[PDB]
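Take a look at this single chain in structure tokens; it is the form deposited in one PDB entry.
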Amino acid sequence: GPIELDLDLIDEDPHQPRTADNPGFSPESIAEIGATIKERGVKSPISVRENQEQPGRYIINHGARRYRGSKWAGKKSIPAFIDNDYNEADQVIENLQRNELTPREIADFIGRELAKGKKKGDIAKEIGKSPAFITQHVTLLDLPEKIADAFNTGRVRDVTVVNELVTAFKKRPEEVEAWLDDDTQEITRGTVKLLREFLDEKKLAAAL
């Protein structure tokens, strides 16, 4: 099977792609998984590597949430196995396949890889995503000011809509800013679509 490990011999990876304010690490979120762990136990064992710089302790590859919820349940140990060949991309992959990463988390992960001189090509390869996926998330790293406000106050969350908004703003900024400056304006695939249609109707009556 897997093997029970003592929790106090396990540490979270500080380079894990999810950040502290990730919604899956919220008090409700952990309380909910703690609850099910108290009742039924952990049935999806976590992956750890051996900590090379601190003998006898382990580092989480995946399973931070079960690990916290195991604490919340008051457990001594937690099912696990060891896989010493588990790198940062493997973590991104696992988290992506669980939809656990926010657009910002993904963009920031891509930032870090670019900063190491990796190319879009290879970042795409190493998380099993398309060059277009990388491009879309790169846009988030340097957003125009008002589109940034919208994104960080969570008026717009969808990476593809944010891209659609930025494209619109690159061509007709004043208009895009007026649109955003209306407190009542919902930002969605559809509202943005209407915005683009409107803009295109004006360019034509510029040449008319």
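Numbers follow the displayed sequence, beginning with 1.
FYI, the form deposited in another entry isn't displayed, but the following is about it.
- Shown are candidates 152, 112, 98, 28; the hinge separating the rigid parts that shift between the shown form and the other one corresponds to 98.
- Annotation for the pair residue 65/residue 126: C-alpha atoms approach each other in that other deposited form, by 3 Å or more compared with this form.
- The distance between the CA atoms of residue 29 and residue 160 is at least 3 Å shorter in that other deposited form than in the form shown here.
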